[PDB]
Structures are given as structure tokens and as C-alpha cells.
$ cat my_file_13.txt   # compact mmCIF, C-alpha atoms (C1' of nucleotides)
# COMPACT_ATOMS: atom_id res chain seq x y z
CA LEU A 1 28.63 15.16 -14.33
CA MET A 2 27.81 17.98 -16.72
CA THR A 3 29.05 17.51 -20.26
CA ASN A 4 30.84 20.09 -22.38
CA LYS A 5 27.39 20.82 -23.86
CA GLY A 6 26.06 21.94 -20.47
CA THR A 7 23.70 18.98 -20.01
CA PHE A 8 23.29 16.12 -17.55
CA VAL A 9 22.81 12.70 -19.14
CA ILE A 10 20.85 10.85 -16.45
CA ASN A 11 18.93 7.60 -17.11
CA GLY A 12 19.86 7.93 -20.78
CA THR A 13 18.03 11.27 -21.03
CA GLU A 14 19.45 14.76 -21.48
CA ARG A 15 18.41 17.22 -18.76
CA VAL A 16 19.30 20.81 -17.93
CA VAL A 17 19.32 22.38 -14.47
CA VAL A 18 18.25 25.99 -14.98
CA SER A 19 19.20 28.82 -12.66
CA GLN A 20 16.67 29.92 -10.05
CA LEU A 21 15.68 33.51 -9.30
CA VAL A 22 15.24 33.93 -5.53
CA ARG A 23 15.47 36.72 -2.98
CA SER A 24 18.95 37.49 -1.74
CA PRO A 25 19.40 36.89 2.01
CA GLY A 26 19.69 40.05 4.05
CA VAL A 27 17.74 42.87 5.65
CA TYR A 28 14.79 44.50 3.90
CA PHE A 29 12.92 47.67 4.88
CA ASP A 30 9.43 48.43 3.58
CA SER A 31 6.94 51.28 3.95
CA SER A 32 3.16 51.00 3.61
CA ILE A 33 0.04 53.13 4.05
CA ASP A 34 -3.04 51.90 5.93
CA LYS A 35 -6.41 53.53 5.26
CA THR A 36 -7.67 52.91 8.81
CA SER A 37 -4.52 54.22 10.51
CA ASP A 38 -4.19 57.20 8.11
CA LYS A 39 -0.42 57.09 8.64
CA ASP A 40 2.63 55.30 7.28
CA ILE A 41 3.86 52.02 8.78
CA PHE A 42 7.41 50.77 8.34
CA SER A 43 8.65 47.19 8.59
CA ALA A 44 11.99 45.40 8.57
CA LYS A 45 12.82 41.76 7.99
CA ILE A 46 16.01 39.70 8.17
CA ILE A 47 15.67 36.72 5.82
CA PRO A 48 18.60 34.25 5.88
CA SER A 49 19.77 31.62 3.42
CA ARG A 50 18.68 28.72 5.64
CA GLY A 51 17.46 29.76 9.09
CA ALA A 52 14.27 31.25 10.48
CA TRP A 53 13.05 34.78 9.80
CA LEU A 54 12.49 37.78 12.07
CA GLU A 55 10.49 40.96 11.50
CA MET A 56 10.16 44.39 13.11
CA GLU A 57 7.01 46.43 12.47
CA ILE A 58 7.02 49.98 13.85
CA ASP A 59 3.89 51.93 14.89
CA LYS A 60 1.10 49.49 14.20
CA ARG A 61 -0.76 51.46 16.90
CA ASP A 62 2.18 53.82 17.55
CA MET A 63 4.14 50.94 19.14
CA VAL A 64 7.12 49.11 17.65
CA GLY A 65 7.06 45.32 17.83
CA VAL A 66 8.95 42.20 16.79
CA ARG A 67 7.75 39.09 14.96
CA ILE A 68 9.73 35.95 15.85
CA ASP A 69 8.29 33.64 13.15
CA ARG A 70 4.92 35.37 13.82
CA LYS A 71 4.08 33.35 16.93
CA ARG A 72 2.73 35.66 19.65
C1' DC B 1 -34.02 -81.27 -51.38
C1' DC B 2 -33.41 -80.86 -46.79
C1' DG B 3 -28.59 -81.06 -44.38
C1' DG B 4 -24.67 -79.75 -42.98
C1' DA B 5 -20.88 -76.36 -42.64
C1' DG B 6 -19.41 -71.80 -42.48
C1' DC B 7 -20.55 -67.39 -41.37
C1' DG B 8 -23.12 -62.92 -38.77
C1' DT B 9 -24.86 -61.28 -34.95
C1' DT B 10 -25.96 -61.34 -30.03
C1' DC B 11 -25.68 -62.39 -25.44
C1' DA B 12 -24.33 -64.89 -20.00
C1' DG B 13 -20.33 -67.40 -17.00
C1' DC B 14 -15.87 -65.43 -14.73
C1' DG B 15 -11.38 -62.28 -15.39
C1' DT B 16 -8.67 -57.80 -15.40
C1' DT B 17 -8.33 -53.06 -15.67
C1' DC B 18 -10.02 -47.99 -14.68
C1' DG B 19 -12.23 -43.69 -12.26
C1' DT B 20 -12.29 -41.69 -8.49
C1' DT B 21 -10.97 -41.57 -3.07
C1' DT B 22 -8.12 -41.83 1.53
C1' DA B 23 -4.99 -41.70 5.02
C1' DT B 24 0.27 -41.10 5.74
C1' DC B 25 4.64 -38.96 4.80
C1' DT B 26 8.12 -34.56 3.36
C1' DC B 27 8.50 -29.81 2.41
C1' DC B 28 7.05 -25.29 3.14
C1' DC B 29 4.31 -21.25 4.95
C1' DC B 30 2.70 -18.54 8.87
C1' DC B 31 1.73 -16.96 13.65
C1' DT B 32 2.83 -16.58 18.70
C1' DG B 33 6.66 -16.56 22.12
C1' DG B 34 12.06 -15.40 23.84
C1' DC B 35 15.88 -13.04 24.25
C1' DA B 36 17.96 -10.40 30.70
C1' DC B 37 25.27 -5.09 31.94
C1' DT B 38 22.63 -0.61 30.93
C1' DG B 39 20.71 1.91 27.38
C1' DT B 40 13.75 6.73 30.17
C1' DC B 41 11.58 12.83 25.40
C1' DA B 42 11.95 13.41 18.40
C1' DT B 43 10.59 16.32 14.62
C1' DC B 44 11.31 19.89 11.23
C1' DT B 45 7.95 22.89 9.95
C1' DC B 46 6.44 27.94 8.23
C1' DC B 47 7.82 33.12 5.32
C1' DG B 48 8.33 37.24 -1.03
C1' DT B 49 -0.40 33.66 -2.42
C1' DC B 50 -4.24 37.13 -2.27
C1' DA B 51 -8.09 39.42 -1.89
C1' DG B 52 -11.50 40.51 0.49
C1' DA B 53 -15.02 38.88 2.89
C1' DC B 54 -17.58 36.28 6.77
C1' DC B 55 -17.41 35.26 11.16
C1' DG B 56 -16.59 34.55 16.04
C1' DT B 57 -13.61 35.89 19.32
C1' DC B 58 -11.63 39.09 22.85
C1' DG B 59 -9.73 42.68 25.64
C1' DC B 60 -10.49 47.61 26.16
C1' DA B 61 -13.97 51.11 26.98

$ encode --input "my_file_13.txt" --output "C-alpha cells"
Amino acid sequence: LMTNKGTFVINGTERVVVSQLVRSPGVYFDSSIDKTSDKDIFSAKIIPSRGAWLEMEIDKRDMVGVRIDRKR
DNA sequence: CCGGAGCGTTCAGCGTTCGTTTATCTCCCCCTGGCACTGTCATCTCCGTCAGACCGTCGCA
């Protein structure tokens, strides 16, 4: 239990469980520039709270492709 | 005026007690072997390095 002071008294010692900054689950779209390609490349990713992640990179060599956990 | 008795010290007969062993008797530890309805493919990893190089590898040309 947390006391009225906001602390956990565990093993006779006073601890605090701080909040954690993380990325919010959802879709995320990014744009980048490659010197070799001389063109812009866009990417999308769907990061969940618990499950696996999937990505979609468009026009690496003017083809759009999917990354299912970056396997093949 | 030596002589004897009492006293001090020092050894040989057998008589008991120790110092160190030995095999037998309980209690425990430790390893190999038995179980007979059937039961025949797990497991979660890993992401918001990072920075570029070194290198071999590999399919396209």
C-alpha cells in the first residue's frame, strides 16, 4: 500500500515509484532524406502497448514494403 | 670406643593400572533400481542505441 505521504514502506524502507515517460501506442509516420537515393522516403509504424510491431516503408527503391518484425 | 639403633637413599621379587588398538553393534548417509488405464512438440524473444566503418555476401547487370 501507498501511504498518505505517497511512499511505499517495504522491508522497513521508504521507496517511491516514479512515473515513466514512454511512447504512446499508436501509428507514427516519419519522413527522411537519403543522400544515395536523392529523394524522400516515408515510413509508418504501428506500435502497440503489448504486442508485436509492424512497419511500412514506401519507395526504398520506388517500391512500398512491409516489415513484420523485420524478418524477411 | 666400637656397637647398635634409627635414619637416608637405592634398588630387585611380584602386583595392578594405563596407553593405545580391534572387532562388533546401532544409527545415519548416499547411490542405484521400481513404479505399468492413458497421458507423443515449448518458449517468449526483439523494436524509439548509434555511428560509421569493415567486410563478405549476393542477386542483378

$ residues_around --input "my_file_13.txt" --residues "range 10-15 of chain A" --least-positions-apart "4" --cutoff "10 Å" --atoms "all atoms listed in the file" --output "PyMOL selection string"
chain A and resi 1-2+6

$ closest_atom_pairs --input "my_file_13.txt" --of "range 48-68 of chain A" --to "range 17-29 of chain A" --cutoff "9 Å" --atoms "only C-alpha atoms" --output "CSV"
residue,atom,partner,partner_atom,distance
A:48,CA,A:25,CA,4.8
A:49,CA,A:25,CA,5.5
A:50,CA,A:25,CA,9.0

$ interface_residues --input "my_file_13.txt" --of "chain A" --to "chain B" --cutoff "10 Å" --atoms "all atoms listed in the file" --output "list in words"
residues 22, 23, 47, 52, 53, 54, 69 and 70 of chain A

$ atom_distance --input "my_file_13.txt" --atom1 "CA of residue 40 in chain A" --atom2 "CA of residue 56 in chain A"
14.5 Å

$ residues_near_point --input "my_file_13.txt" --point "(12.7, 51.2, 7.0)" --cutoff "12 Å" --atoms "all atoms listed in the file" --output "ChimeraX atom specification"
/A:27-32,40-45,55-59

$ atom_distance --input "my_file_13.txt" --atom1 "CA of residue 33 in chain A" --atom2 "CA of residue 62 in chain A"
13.7 Å

$ atom_distance --input "my_file_13.txt" --atom1 "CA of residue 46 in chain A" --atom2 "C1' of residue 51 in chain B"
26.1 Å
